[PDB]
Amino acid sequence: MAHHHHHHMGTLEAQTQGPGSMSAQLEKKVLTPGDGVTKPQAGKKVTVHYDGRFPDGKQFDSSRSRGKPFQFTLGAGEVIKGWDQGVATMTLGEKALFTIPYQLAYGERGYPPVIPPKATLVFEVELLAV
């Protein structure tokens, strides 16, 4: 009788183990759903918030604990298209886990030894208001 013995034991072939294929990866997992009826529009100054996080799960820093909301014109070149899309696709009162591929962010360049060059970095995007 076939009862699928499913068990995350290990990986014989890793195929460069990580968050996935070493390319433009984009996963979006909402931590807190928003109004849903509210609609973010371009051209407007929006009130956002971010959290730096590794694809592993371990957070870089809980900037949410810092209680600092940032503001920028949605649709403008204030931030990378990644974050622009993140806030543009979300709703008010909502926060989601938005995977930013290294090619779009500084993750490619790295900069500090904390971020290994060409590292895809996850940012929790949070739209407080407009």
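Would you look at the GNM of the chain, springs on alpha carbons closer than 10 Å, and say which of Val114, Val30, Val87 moves the most? For the chain, modelled as a Gaussian network with Cα springs under 10 Å, the answer is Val114.
For the pair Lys45 and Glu78 in one chain, pulling the backbone fully straight at 0.36 nm per residue adds 10.8 nm over the alpha carbon distance.
With charges only on Cβ, +1 for K and R and -1 for D and E, what is the dipole size of the chain about its Cα centre, in debye, rounded to 20? In debye, rounded to 20, the chain gives about 300. Past 19 Å, Cα to Cα, is the threshold; run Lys58/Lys81; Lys45/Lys68; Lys28/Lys58 against it and keep the listed order. Pairs exceeding 19 Å: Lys58/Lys81.
Net charge of the neighbourhood of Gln59, taken over other residues with C-beta under 11 Å away and scored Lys/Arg +1, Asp/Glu -1, is -1. Sorting the segments 92-105, 61-74, 7-20, 42-55 by their residues' average number of neighbouring beta-carbon atoms within 10 angstrom, most packed first, yields 92-105, 42-55, 61-74, 7-20.
None of the figures in this text is laboratory data; all of them are computed from the coordinates on show. All Cβ positions, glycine included, derive from the backbone under ideal geometry; neighbour counts span all protein chains shown.
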